[PDB]
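Enquirer: Questions regarding the structure given below will be posed in turn.
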Amino acid sequence: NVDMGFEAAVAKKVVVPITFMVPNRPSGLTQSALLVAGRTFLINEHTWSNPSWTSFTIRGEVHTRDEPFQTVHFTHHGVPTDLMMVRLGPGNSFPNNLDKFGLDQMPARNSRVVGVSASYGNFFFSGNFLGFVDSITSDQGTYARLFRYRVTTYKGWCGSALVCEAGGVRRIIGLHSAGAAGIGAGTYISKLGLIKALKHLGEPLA
Amino acid sequence: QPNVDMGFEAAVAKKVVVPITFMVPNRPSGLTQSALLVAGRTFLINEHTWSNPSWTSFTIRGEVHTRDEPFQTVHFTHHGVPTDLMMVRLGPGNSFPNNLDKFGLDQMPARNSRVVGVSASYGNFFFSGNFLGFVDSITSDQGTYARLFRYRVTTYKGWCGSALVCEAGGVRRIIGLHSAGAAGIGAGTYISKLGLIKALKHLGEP
């Protein structure tokens with residue numbers, strides 16, 4: 001059987017556009033973000049820690065850099081991952097998407113990864129699971145705890161959710177980080193990691 | 001070896017190519033691609049983008065324009081077949097640079113001469129690859145566009161509108177506006193200097 005229900009739910013409830021403004025580019029640069037629960041979302045650390053942006057819009061809400069953001073950075077054995085959780089101030093609640101994240105088993109090589117993106121309209125991308133990697137090093141530095149997939153991607157697609165399959169269950173276990181030469185890389189997401197981050201940020205649901 | 005000189009591409013990035021962001025009901029922060037400032041209050045944009053019925057406003061050069069404004073437009077055809085190229089004249093406002101002298105080649109580029117794409121679609125950036133030749137038309141499931149040329153570059157959706165700088169007879173100028181790509185091969189619509197002149201007079205530009 002082929003079933004698109006889980007992907008459609010991720011597109012409907014989880015993945016949303018996020019646009020970051022820097023002085024002299026008021027139109028901003030849009031990518032994707034993942035709504036987790038309450039007022040917390042997942043975003044690439046590379047995007048968030050960039051010192052250039054002065055504001056961003058998510059869910060049609062404009063947020064300036066001086067807002068008192070609570071954030072959690074995910075590391076692995078101390079090595080940075082390209083994953084951050086951000087809690088906005090009080091406001092309209094996000095859906096509770098926590099049950100859409102996490103696999104207890106590892107996807108097989110050449111199982112299908114489905115990316116769910118809101119980075120230029122809503123769209124899907126998909127390719128073979130190529131395996132986990134302890135870390136990837138670019139000219140700009142080192143990120144830990146990723147997995148790769150065989151699909152051509154564009155850096156604007158950062159933040160797209162990565163749905164994988166293991167032991168007959170399909171869930172989000174990744175957020176798209178980068179890609180080159182037809183091979184994309186996404187940062188791994190664990191359910192317990194999310195629970196820890198949510199409690200640190202003060203969210204009641206976990 | 002021949003000297004390498006980036007002055008022309010740098011001037012095109014500085015004066016010609018700008019972001020344009022089209023708003024649709026699903027996207028308050030909209031979908032950004034490139035547009036080419038020609039002269040006065042006129043710019044070049046893809047017909048496919050402009051004719052899309054979904055958008056309710058666009059932003060260019062900091063100005064917000066709603067679809068109800070009385071835009072003067074010219075659609076470029078070739079033997080009556082549509083090309084993916086339109087010139088739009090905005091209402092009165094701050095003048096664009098006079099970039100007319102940056103467009104047009106009187107000779108055809110050679111195969112595997114370099115095409116340089118100049119884009120404002122995700123920040124300012126350059127792409128580049130081999131000139132693959134003119135084609136009389138290209139037909140997709142959505143229909144037929146005429147008077148294109150192709151280049152060996154992987155491109156993405158929002159790169160539409162990027163300027164294509166080519167070389168012929170020892171001269172380098174803009175002769176294309178990026179249309180679409182696939183399978184590592186991009187396609188752009190040809191731009192003729194006289195075509196621009198004809199359009200500028202039809203739209204009432206001095």
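Please note that chains go A, B, ... in the order of the structure tokens, that every chain numbers its residues from 1, and that ligands are numbered from 1 in the order shown.
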Find the residues of chain A that sit at most 7 Å from chain B; for each, write down the nearest two atoms and how far apart they are in Å, to one decimal. Count only C-alpha atoms. Sort by chain, then by number going up, and give it as CSV.
Expert:
residue,atom,partner,partner_atom,distance
A:29,CA,B:122,CA,6.2
A:60,CA,B:28,CA,6.4
A:120,CA,B:31,CA,6.3
Enquirer: Fewer than 5 positions away in the same chain doesn't count, so skip those; otherwise give me all residues within 6 Å of residue 56 of chain B, counting only C-alpha atoms, as a ChimeraX atom specification.
Expert: /B:23-24,66-67
Enquirer: Skipping near chain neighbours, those fewer than 5 positions away, what residues fall within 6 Å of residue 178 of chain B using only C-alpha atoms, listed as a PyMOL selection string?
Expert: chain B and resi 160-162+188
Enquirer: Can you tell me how far atom CA of residue 87 of chain B sits from atom CA of residue 193 of chain B, in Å to one decimal?
Expert: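 Atom CA of residue 87 of chain B sits 12.8 Å away from atom CA of residue 193 of chain B.
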Enquirer: Could you name the residues that touch residue 42 of chain A at 9 Å or less, counting only C-alpha atoms, but leaving out those on the same chain fewer than 5 positions away, as a ChimeraX atom specification?
Expert: /A:33-36,83-86,159,175
Enquirer: Give me the residues within 6 Å of segment 125-140 of chain A as a PyMOL selection string, counting only C-alpha atoms and dropping any in the same chain fewer than 4 places off.
Expert: chain A and resi 109-115+144-151
